[PDB]
Every structure is written in structure tokens, then in C-alpha cells.
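Below: one structure, written as C-alpha cells.
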Amino acid sequence: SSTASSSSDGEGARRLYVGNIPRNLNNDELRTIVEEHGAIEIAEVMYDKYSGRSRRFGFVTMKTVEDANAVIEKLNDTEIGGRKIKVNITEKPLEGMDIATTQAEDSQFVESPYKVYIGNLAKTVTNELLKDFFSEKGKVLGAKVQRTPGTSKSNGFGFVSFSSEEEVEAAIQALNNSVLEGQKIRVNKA
RNA sequence: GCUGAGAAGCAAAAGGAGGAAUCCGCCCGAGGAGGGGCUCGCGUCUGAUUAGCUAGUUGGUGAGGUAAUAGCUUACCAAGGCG
């Protein structure tokens, strides 16, 4: 498999470099988007997928220099996933990729807008308060305030996870505007 | 590069965008185009019921000054200069 990277190195311009790859964007959708241009032997996505979201830097490797020139030209201004990818050239591409794909497959745990992100919670707001909110509304899994690490005041940020996607949607829509005491909270699915 | 006969000395910099590639820059020079600053020949209204004017005035040197020549400015010398 390191054969694919070494083959590309040897060729010289099988290389094409992909910048601002989205958060949902994956080795397979990189391959599908770029295989139209020509037969990709290999595709490299860097591992920032702790969660779904990506590093937004990757490599693709062609059979030919010419396919790589065509993909560099055509792909730039391509929307994937709501974010737009430039293909200028890369260094001769680097397909650890098998390791990354395995970690990506493992790493992704959370699927679908099932968690709610809290914006604006006032500094008085307690972890228990968030439990009260989340439990009062549609039925509930867990509650967190993101508190300052340096020393540990709320910094007013925080999360729910609910038991259903529907409860997430209702909490987002019902809440946003929301006073909780002293300050106007915004909640989105994340 | 500059000052100076040479001797000698003196003088500059800035990072930013981008994964890179590179691009926009910055500092010191050398040209060019264009834009300016000066100088001069010639042309540029009437009145003699206005006939003398001009003393930094017109020259010269020295010292300064200007982006640059220059009474541009100043001290001294010459008495010029316009009609």
C-alpha cells in the first residue's frame, strides 16, 4: 500500500493537493469526487476526525500526471459537504490512509444532530440547572457545562444530549432567544 | 552609493497571504516613460498733460543656501544696470 505512495513519488505529478475538505468529508467521497477526473490509485485524508470533522488537508494520487493536471484545474471551486476545496499541487502523496481510515472508522462515535450546544448561559447557571432544563423538556441523557480549565468558573458554555433527535430539534427551536437568568442563550444542534 | 586629492570614513532592510508552490511587498543602487522645477531668443494693451529710474540696485569674490543655476542670502570690493 506504501507501494501506492512510492509509485506516486516516483512519478512526479500524480500529486494533487486538496485544501478545505469539509467536516463530513471522508476518503470515499474524496475518491468519488476525484475519480471522475481519472483512476485514482490512492487518496490521503489527514486525521483531525476526533469527531466527524476533518483537518481539511488531503492528498490524491492519480495514475497519470495529466489526470492530476485536469483534477487540479477542474476541482477548484468544488463544494463538498457545504465547504469548498482548492486543488493546487501537493507534495508527492502520502498514503498512510489505511491507518487513518481505520482510526476514522473507530473514532466516529456520535451520529446525527443528537446533541445540543449551549450559548449564552449566565455565570450563575449550574450543572444541575442544565440537568433541570434538559430533563424538564423531552427525555434526556446527560448534561455538561464547559467550565474554565485555568480555574473553574462556567465561562458560560455547555451541552445536552437528549434521548431523541426530535427532542434535540424541539429544544433548539423552543430555547433559542432564551433567557436564563441574566443572559440570552442560543442553542444549536451539534 | 556618498564625502574627500588621496588617506580614510559614512550608510539599509519588513513583513504579510498561502499546506506548499508562489504572490504582494520592503532596502540599496542604474536607466527609461510620463510628470514637474528652472533659464533664454521672439510675440504679448493704452497714456509723455507720467522723464528720469534703480543702491542687493547691476556686476565680482568669499562665506552660506536651494532638488538645481542664480543677489537666492550675507560681508567686502567695482559702479554699474534700464530708458
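Chain identifiers are assigned as A, B, and so on, following the order in which chains appear in the C-alpha cells; residues are numbered from 1 within each chain, and ligands are numbered from 1 in order of appearance.
Look at residue A:54: the protein and nucleic acid residues within 8 Å of it, using only C-alpha atoms (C1' of nucleotides) and passing over chain neighbours fewer than 6 places away, are residues 21, 22, 23, 24, 25, 46, 47 and 48 of chain A.
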Counting only C-alpha atoms (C1' of nucleotides), collect the residues of chain B whose closest atom lies at most 12 Å from chain A, and write them out as a PDB file with C-alpha atoms (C1' of nucleotides), in the first residue's frame.
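The result, stored in part.pdb:
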```
ATOM      1  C1'   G B  18      -0.944  30.696   1.408  1.00  0.00           C
ATOM      2  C1'   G B  19      -0.299  23.460   3.316  1.00  0.00           C
ATOM      3  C1'   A B  20       3.345  24.125  -0.053  1.00  0.00           C
ATOM      4  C1'   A B  21       4.054  26.203  -4.838  1.00  0.00           C
ATOM      5  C1'   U B  22       4.192  31.235  -5.105  1.00  0.00           C
TER       6        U B  22
END
```
Min atom-atom distance to residue A:85 from the set A:20, A:26, A:124, A:69, counting only C-alpha atoms, belongs to A:20
Taking the DSSP secondary structure from the backbone, can you list the residues of stretch 146-181 of chain A that are helix (DSSP H, G or I), as an MDAnalysis selection string? chainID A and resid 165:175
Requested write-out: N, CA and C atoms of the selected residues, as a tab-separated table (two decimals), in the first residue's frame:
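Below you can see selection.tsv, which holds the result:
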```tsv
chain	number	residue	atom	x	y	z
A	165	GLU	N	-33.61	12.62	18.64
A	165	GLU	CA	-33.38	13.65	17.65
A	165	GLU	C	-34.49	14.70	17.64
A	166	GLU	N	-35.74	14.25	17.78
A	166	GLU	CA	-36.89	15.13	17.86
A	166	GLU	C	-36.81	16.09	19.05
A	167	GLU	N	-36.39	15.58	20.21
A	167	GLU	CA	-36.18	16.41	21.40
A	167	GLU	C	-35.06	17.40	21.19
A	168	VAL	N	-34.02	16.98	20.46
A	168	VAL	CA	-32.98	17.93	20.09
A	168	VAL	C	-33.56	19.06	19.26
A	169	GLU	N	-34.40	18.73	18.28
A	169	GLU	CA	-34.96	19.77	17.41
A	169	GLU	C	-35.87	20.70	18.18
A	170	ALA	N	-36.70	20.15	19.05
A	170	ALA	CA	-37.61	20.96	19.85
A	170	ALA	C	-36.84	21.84	20.83
A	171	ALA	N	-35.79	21.30	21.43
A	171	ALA	CA	-35.01	22.09	22.37
A	171	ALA	C	-34.33	23.23	21.67
A	172	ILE	N	-33.79	22.97	20.47
A	172	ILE	CA	-33.15	24.04	19.72
A	172	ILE	C	-34.14	25.14	19.42
A	173	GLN	N	-35.30	24.75	18.89
A	173	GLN	CA	-36.25	25.74	18.41
A	173	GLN	C	-36.93	26.45	19.56
A	174	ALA	N	-37.33	25.69	20.57
A	174	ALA	CA	-38.01	26.26	21.72
A	174	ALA	C	-37.08	27.20	22.48
A	175	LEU	N	-35.84	26.77	22.70
A	175	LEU	CA	-34.93	27.51	23.56
A	175	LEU	C	-34.50	28.83	22.92
```
Practice task
From the DSSP assignment of the backbone, select every residue of stretch 16-132 of chain A that is strand (DSSP E), and format the answer as an NGL selection string.
Solution key: :A and (16-19 or 40-45 or 57-62 or 78-80 or 83-88 or 115-119)
Generate a file of the selected residues that holds N, CA and C atoms, formatted as a CSV table (one decimal), in the first residue's frame.
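Okay, this is what ended up in part39.csv:
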```csv
chain,number,residue,atom,x,y,z
A,16,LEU,N,-2.0,15.7,-6.4
A,16,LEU,CA,-2.9,16.9,-6.4
A,16,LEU,C,-3.4,17.2,-5.0
A,17,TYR,N,-3.4,18.4,-4.5
A,17,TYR,CA,-3.5,18.7,-3.1
A,17,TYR,C,-4.8,19.5,-2.8
A,18,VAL,N,-5.4,19.0,-1.8
A,18,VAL,CA,-6.8,19.3,-1.5
A,18,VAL,C,-6.9,20.0,-0.2
A,19,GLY,N,-7.4,21.2,-0.3
A,19,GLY,CA,-7.5,22.1,0.9
A,19,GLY,C,-8.8,22.7,1.1
A,40,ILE,N,-7.8,7.1,-9.7
A,40,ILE,CA,-7.1,7.3,-8.5
A,40,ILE,C,-6.6,5.9,-8.1
A,41,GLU,N,-5.3,5.8,-7.9
A,41,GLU,CA,-4.8,4.7,-7.2
A,41,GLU,C,-4.9,4.8,-5.7
A,42,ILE,N,-4.9,6.1,-5.2
A,42,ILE,CA,-4.9,6.3,-3.8
A,42,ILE,C,-5.3,7.7,-3.3
A,43,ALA,N,-5.7,7.8,-2.1
A,43,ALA,CA,-6.3,9.0,-1.6
A,43,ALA,C,-5.9,9.2,-0.1
A,44,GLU,N,-5.5,10.4,0.3
A,44,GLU,CA,-5.0,10.5,1.7
A,44,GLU,C,-5.8,11.6,2.4
A,45,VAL,N,-6.4,11.3,3.5
A,45,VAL,CA,-7.1,12.3,4.3
A,45,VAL,C,-6.3,12.3,5.7
A,57,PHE,N,-7.1,19.0,5.2
A,57,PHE,CA,-6.0,18.9,4.2
A,57,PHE,C,-5.8,17.4,3.8
A,58,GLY,N,-5.7,17.2,2.5
A,58,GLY,CA,-5.5,15.9,2.0
A,58,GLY,C,-4.8,15.9,0.7
A,59,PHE,N,-4.5,14.7,0.2
A,59,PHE,CA,-3.7,14.3,-1.0
A,59,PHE,C,-4.6,13.5,-1.9
A,60,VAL,N,-4.5,13.6,-3.2
A,60,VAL,CA,-5.0,12.5,-4.0
A,60,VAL,C,-3.9,12.1,-5.0
A,61,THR,N,-3.8,10.8,-5.3
A,61,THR,CA,-2.8,10.2,-6.3
A,61,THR,C,-3.5,9.5,-7.4
A,62,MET,N,-3.2,10.0,-8.6
A,62,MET,CA,-3.6,9.5,-9.9
A,62,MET,C,-2.7,8.4,-10.4
A,78,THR,N,-14.9,23.5,-5.9
A,78,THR,CA,-15.8,22.5,-5.7
A,78,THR,C,-16.4,22.5,-4.3
A,79,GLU,N,-17.7,22.5,-4.2
A,79,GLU,CA,-18.4,22.3,-3.0
A,79,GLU,C,-18.5,20.8,-2.7
A,80,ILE,N,-18.1,20.4,-1.5
A,80,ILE,CA,-18.4,19.2,-0.9
A,80,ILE,C,-19.0,19.5,0.5
A,83,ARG,N,-18.6,23.0,2.1
A,83,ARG,CA,-17.3,23.7,2.1
A,83,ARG,C,-16.5,23.4,0.9
A,84,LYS,N,-15.7,24.4,0.5
A,84,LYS,CA,-15.1,24.4,-0.9
A,84,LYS,C,-13.7,24.1,-0.9
A,85,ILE,N,-13.3,23.2,-1.9
A,85,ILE,CA,-12.0,22.6,-1.9
A,85,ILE,C,-11.2,23.2,-3.1
A,86,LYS,N,-10.0,23.6,-2.7
A,86,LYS,CA,-9.0,24.0,-3.7
A,86,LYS,C,-8.1,22.8,-4.0
A,87,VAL,N,-7.8,22.6,-5.3
A,87,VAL,CA,-6.8,21.7,-5.6
A,87,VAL,C,-5.7,22.5,-6.4
A,88,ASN,N,-4.6,22.7,-5.7
A,88,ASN,CA,-3.3,23.3,-6.2
A,88,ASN,C,-2.5,22.0,-6.3
A,115,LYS,N,-27.0,16.0,19.8
A,115,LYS,CA,-26.5,16.8,20.9
A,115,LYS,C,-26.7,18.3,20.7
A,116,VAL,N,-27.1,19.0,21.7
A,116,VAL,CA,-27.3,20.4,21.7
A,116,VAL,C,-26.2,21.3,22.3
A,117,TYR,N,-25.8,22.3,21.6
A,117,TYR,CA,-24.7,23.2,22.1
A,117,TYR,C,-25.3,24.5,22.7
A,118,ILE,N,-24.9,24.8,23.9
A,118,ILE,CA,-25.5,25.9,24.6
A,118,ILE,C,-24.6,27.2,24.5
A,119,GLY,N,-25.3,28.3,24.1
A,119,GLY,CA,-24.7,29.6,24.0
A,119,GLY,C,-25.3,30.6,24.9
```
Review point. Do you know which residues are at most 10 Å from residue B:82 counting only C-alpha atoms (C1' of nucleotides), after dropping those on the same chain fewer than 5 positions away, and could you put them as a ChimeraX atom specification?
Key: /B:53-54,58
I need the chosen residues saved as a PDB file, in the first residue's frame, with C-alpha atoms (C1' of nucleotides).
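Final output, saved to part22.pdb:
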```
ATOM      1  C1'   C B  53      14.537 105.185 -12.558  1.00  0.00           C
ATOM      2  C1'   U B  54      17.459 101.632  -9.735  1.00  0.00           C
ATOM      3  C1'   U B  58      24.000  95.700 -11.852  1.00  0.00           C
TER       4        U B  58
END
```
Open item on the list: For residue B:61, find every residue with an atom within 12 Å (counting only C-alpha atoms (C1' of nucleotides)), except residues of its own chain fewer than 2 positions away, and show them as a PyMOL selection string.
Closed with: chain B and resi 59+63+75-78
Set the distance at 6 Å and use only C-alpha atoms (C1' of nucleotides): which residues neighbour stretch 132-145 of chain A once local chain neighbours fewer than 5 positions away are removed? I'd like the list as a ChimeraX atom specification. /A:127,157-163,167
Point-to-point distance in Å for atom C1' of residue B:73 and atom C1' of residue B:60: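 Interatomic distance, atom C1' of residue B:60 to atom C1' of residue B:73: 16.2 Å.
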Shell of 12 Å around residue A:181, only C-alpha atoms (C1' of nucleotides), local chain residues under 6 positions omitted, as a PDB file with N, CA, C and O atoms, in the first residue's frame:
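Written out: around22.pdb:
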```
ATOM      1  N   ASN A 120     -24.551  31.339  25.620  1.00  0.00           N
ATOM      2  CA  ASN A 120     -25.036  32.407  26.493  1.00  0.00           C
ATOM      3  C   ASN A 120     -25.420  32.078  27.944  1.00  0.00           C
ATOM      4  O   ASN A 120     -25.742  32.996  28.695  1.00  0.00           O
ATOM      5  N   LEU A 121     -25.379  30.816  28.372  1.00  0.00           N
ATOM      6  CA  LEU A 121     -25.711  30.593  29.779  1.00  0.00           C
ATOM      7  C   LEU A 121     -24.941  31.519  30.733  1.00  0.00           C
ATOM      8  O   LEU A 121     -23.725  31.634  30.700  1.00  0.00           O
ATOM      9  N   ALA A 122     -25.732  32.235  31.524  1.00  0.00           N
ATOM     10  CA  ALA A 122     -25.252  33.152  32.541  1.00  0.00           C
ATOM     11  C   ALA A 122     -24.461  32.444  33.637  1.00  0.00           C
ATOM     12  O   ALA A 122     -24.695  31.284  33.938  1.00  0.00           O
ATOM     13  N   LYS A 123     -23.548  33.183  34.263  1.00  0.00           N
ATOM     14  CA  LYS A 123     -22.453  32.616  35.053  1.00  0.00           C
ATOM     15  C   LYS A 123     -22.938  31.913  36.321  1.00  0.00           C
ATOM     16  O   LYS A 123     -22.260  31.015  36.846  1.00  0.00           O
ATOM     17  N   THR A 124     -24.107  32.335  36.806  1.00  0.00           N
ATOM     18  CA  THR A 124     -24.832  31.707  37.899  1.00  0.00           C
ATOM     19  C   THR A 124     -25.302  30.298  37.557  1.00  0.00           C
ATOM     20  O   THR A 124     -25.525  29.497  38.473  1.00  0.00           O
ATOM     21  N   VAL A 125     -25.484  29.989  36.263  1.00  0.00           N
ATOM     22  CA  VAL A 125     -26.050  28.701  35.858  1.00  0.00           C
ATOM     23  C   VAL A 125     -25.127  27.564  36.274  1.00  0.00           C
ATOM     24  O   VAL A 125     -23.898  27.625  36.114  1.00  0.00           O
ATOM     25  N   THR A 126     -25.743  26.549  36.873  1.00  0.00           N
ATOM     26  CA  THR A 126     -25.126  25.391  37.477  1.00  0.00           C
ATOM     27  C   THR A 126     -25.333  24.200  36.552  1.00  0.00           C
ATOM     28  O   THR A 126     -26.209  24.198  35.669  1.00  0.00           O
ATOM     29  N   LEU A 129     -28.746  22.942  37.059  1.00  0.00           N
ATOM     30  CA  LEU A 129     -29.705  23.714  36.276  1.00  0.00           C
ATOM     31  C   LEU A 129     -29.821  23.141  34.887  1.00  0.00           C
ATOM     32  O   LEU A 129     -30.928  23.054  34.337  1.00  0.00           O
ATOM     33  N   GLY A 156     -19.705  30.285  30.762  1.00  0.00           N
ATOM     34  CA  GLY A 156     -20.987  30.133  30.159  1.00  0.00           C
ATOM     35  C   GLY A 156     -20.982  29.436  28.852  1.00  0.00           C
ATOM     36  O   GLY A 156     -21.132  30.152  27.918  1.00  0.00           O
TER      37      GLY A 156
END
```
For residue B:70, the closest of B:45, B:5, B:55, B:38 counting only C-alpha atoms (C1' of nucleotides) is B:38
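Closest approach to residue B:51 among B:83, B:64, B:9, B:36 is made by B:83 (distances from only C-alpha atoms (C1' of nucleotides)).
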| task | Skip residue A:101 itself and residues of its chain fewer than 4 positions away, then list as JSON, numbers by chain all residues within 8 Å of it, counting only C-alpha atoms (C1' of nucleotides). | result | {"A": [27, 97, 105]}
So, with only C-alpha atoms (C1' of nucleotides) as the atoms that count, which of B:15, B:6, B:29, B:37 lies closest to residue B:68?
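Residue with the minimum atom-to-atom distance to residue B:68: B:37.
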